[PDB]
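Okay, so here's just one chain, in structure tokens, the form deposited in one PDB entry.
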């Protein structure tokens, strides 16, 4: 009474104040009012608890009842928790497109989403077009990208190419985007991004009966299972349309099919905190899958 609050979107900082009574939903609704967002289903608020773990904020609960890291002001991240099946059909608003664009790019650059070198360079050139506008000989002299985080660290490491050489490659691509608007630029970035194998999938360390470490990916299209050393190749898939119920108890997940004659799929996951999030992503992705088909 009153508690200071800071929420960052990918491009802005917002300062608010809340009461001990304030629910997540209200703080969340404030953000979307300030940001002018209409496709709210994709997004959520993100915080650090007293332990130090990143957590999604529960909306139907009070904010001061969720053990947010005690500090002045309280820190939040407005971010996408769910991803569209296709960006062209589902990102109608400008701001929406912008927010997705900046988040995905950050994922690329921080090496959260795997991206090969040639595709990375083409992604960079769109982020350049979006930021610098039309290429211009007089303005964009050799070296104008020296102060830009353009390529992922993986790509810079995996070559014998120098700094300015990568920059020459991006420039060459930039020149060719000579007609493109900022809106179009961000979308082309996203259209290429969305087809990277690691795009829009949450990864979770899981186990089989033998205790073999594996990966479980939750995405828009359903669930996937990966080799522990290959996050790019799905080995077993469960499309949402084939699932009936997902639940967990302690450390064990049960997935029941629609078939009803088919057997339950079982796997294991270590921490309870992660399990809550796994559950939440499943329900949310399943919901949006169905809504797109009603």
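Shifts are known only where both forms have a C-alpha. Rigid core (definition): largest C-alpha set, two forms, superposition within 1.5 Å. Positions refer to the first chain, counted from 1.
Undergrad: Do the C-alpha atoms of 248-256 or of 33-41 have the higher average B factor in the entry?
TA: Higher mean C-alpha B-factor in the PDB entry: 248-256.
Undergrad: Quick one: say whether 151-159 or 79-87 has the higher mean Cα B-factor in the deposited entry.
TA: Looking at the recorded C-alpha B-factors, 151-159 comes out higher on average.
Undergrad: Which one, 165, 172, 202, 194, has the peak C-alpha temperature factor per the PDB entry?
TA: Highest C-alpha B-factor among the listed options: 165.
Undergrad: Test of reading the entry: by CA B factor among the chain's modelled residues, which third contains residue 188?
TA: As the PDB entry reports it, the C-alpha B-factor of residue 188 lands in the lowest third of its chain.
Undergrad: Place residue 106 in the lowest, middle or highest third of its chain's C-alpha B-factors, as listed in the PDB entry.
TA: Within its chain, residue 106 is a lowest-third residue by C-alpha B-factor, going by the deposited values.
Undergrad: How does the C-alpha B factor of residue 134 compare with the rest of the chain: lowest, middle or highest third?
TA: Within its chain, residue 134 is a lowest-third residue by C-alpha B-factor, going by the deposited values.
Undergrad: Quick one: classify residue 118 as lowest, middle or highest third of the chain based on its Cα B-factor.
TA: Its C-alpha B-factor, which the entry lists for residue 118, ranks in the lowest third among residues of this chain.
There is another form of this protein, the form solved in complex with a partner chain, and it is not shown here; the text below is about that form.
Undergrad: Please check if residue 26 has a heavy atom lying within 4.5 Å of any heavy atom of the partner chain in the deposited bound form.
TA: No - in the deposited bound form, heavy atoms of residue 26 and the partner chain never come within 4.5 Å of each other.
Undergrad: Quick one: does residue 283 come within 4.5 Å of the partner chain in the deposited bound form, counting heavy atoms only?
TA: Yes.
Undergrad: Mark residue 244 yes when one of its heavy atoms lies within 4.5 Å of a heavy atom of the partner chain in the deposited bound form, and no otherwise.
TA: Judged by the heavy-atom cut-off of 4.5 Å, residue 244 is in contact with the partner chain in the deposited bound form.
Undergrad: Does the partner chain come within 4.5 Å of any heavy atom of residue 240 in the deposited bound form?
TA: Residue 240 belongs to the contact set for the partner chain.
Undergrad: Determine which one of 66-74, 36-44, 49-57, 249-257 lies within 4.5 Å of the partner chain in the deposited bound form, judging by heavy atom distances; exactly one does.
TA: The contacting stretch here is 249-257.
Undergrad: Take the rigid core as the frame of reference and indicate whether the C-alpha of residue 232 shifts by 2 Å or more between the shown form and the other one.
TA: Moves: no, less than 2 Å.
Undergrad: Report the shifted segments between the shown form and the other one, defined as three or more consecutive common residues with all CA displacements of at least 2 angstroms relative to the rigid core fit.
TA: When the rigid core is held fixed, residues 257-264 make up the only run that shifts.
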